[PDB]
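Next up is one chain by itself, shown in structure tokens, the form deposited in one PDB entry.
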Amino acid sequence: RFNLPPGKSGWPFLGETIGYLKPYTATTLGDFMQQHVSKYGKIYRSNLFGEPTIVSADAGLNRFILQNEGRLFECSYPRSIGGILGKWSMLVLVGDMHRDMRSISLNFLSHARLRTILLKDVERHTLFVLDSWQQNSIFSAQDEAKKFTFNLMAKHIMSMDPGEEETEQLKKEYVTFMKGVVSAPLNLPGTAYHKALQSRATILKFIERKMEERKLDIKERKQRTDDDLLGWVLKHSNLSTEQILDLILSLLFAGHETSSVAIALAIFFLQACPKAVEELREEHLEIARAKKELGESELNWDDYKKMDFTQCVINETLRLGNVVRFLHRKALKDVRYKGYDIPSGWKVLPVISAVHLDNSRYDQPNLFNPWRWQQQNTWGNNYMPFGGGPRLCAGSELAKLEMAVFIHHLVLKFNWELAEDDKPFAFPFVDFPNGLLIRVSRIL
């Protein structure tokens, strides 16, 4: 009756989940996806995570899925997300409650707030990390990136400063909590889920205590009470305690996991594209030399808009690295696309990273070429690293600012090279198996 996309169901229980989760180099789609697209085409069926699933490497189909969030498709991630991130996190909320949460999230990340608060902390925390590097020393660029993004997010969310007692204790506790979501079940035992569950409860109690402190700050009419998400939400919304807790915790995870891997990806690519670092250094030299002319030390929004080639490397980094491999969706209706039926209730996985590596939309897609973006543009459906539609990444602008400011001072202060062989891998979460060990050398 239905003209389902071609494919197989795999093992009766496991389906094709094992093969689908098999690690692969992050600059490709993997042998599993590559072979399935070659045999069945860009739209095929499978059984993944216990559900009959339609896998889409089709750019047009993926844009259609993303644009019709709430109409024909619906966010539907495995229960691990809802269990760890909370039933009030944006990833498990749909409808009005997701609307409110997303608007609260965007109201806090408004352009005005992104132009003042967030910008200074981004450069502030950027130098805090970069100022401590020492040349000829071999350290993990991945660890350092993670330190930058966590410090920054902890500041924006709860006004927590790097180096405090509660900050370092939060990082240690967050390690265990984070594995409940980003972790390879093929690697990590199931026990980790319950350990991640008990660290979530621990972090929630901490967040609630800080909520009580901020509530006393607001009661006593103390200034700067909107500077962190916790304070802003208390004054400018009527969320409950449970909803605030989930919001702070999920956003910490959201802002931290993606940003750190993005920055680490830029560091990896640039190390192999000296020409891009050379031209990057000129772009930021003539931006800084113009800052000294005015006796300026802090960055302002205008300096950011002057970085046009960094926005190219950013696009090229997200295009090639693919922080997010695919999204989880569910069909709300019987849907037809390119003569293929997607029956209601079926899982649908838009592989948003597929178009980025399609050699019919990009010339030599597996080559890090930042200059392709003076030709190409981010309109259409050739570029979708942040998803799209009603669930377009609400922090995409902050993430680009994070990458821009960090590259700014990074190229100004150091050259760098790979300390040992290392490639990004998708587990499907992107990670450098050897920590991306690098070696820097200051410039003169």
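We call the rigid core the largest set of C-alpha positions that still match within 1.5 Å between the two forms. All residue numbers refer to positions in the sequence shown, first residue = 1.
A second form of this protein, the form deposited in another entry, is not displayed here; the remarks below concern that form.
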item: Position that moves between the shown form and the other one after core superposition, taken from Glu74, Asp143, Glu173, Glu283, with Cα shift of 2 Å or more; value: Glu173
item: Large Cα shift (2 Å or above) at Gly295 between the shown form and the other one, core-fitted; value: no
item: Exceeds or equals 2 Å, Cα of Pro185 between the shown form and the other one, core fit; value: yes
item: Cα-Cα shift for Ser76 and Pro185, closer or farther in that other deposited form, minimum 3 Å; value: closer
item: In that other deposited form, shift in Cα separation for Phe177 relative to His328, 3 Å or more; value: closer
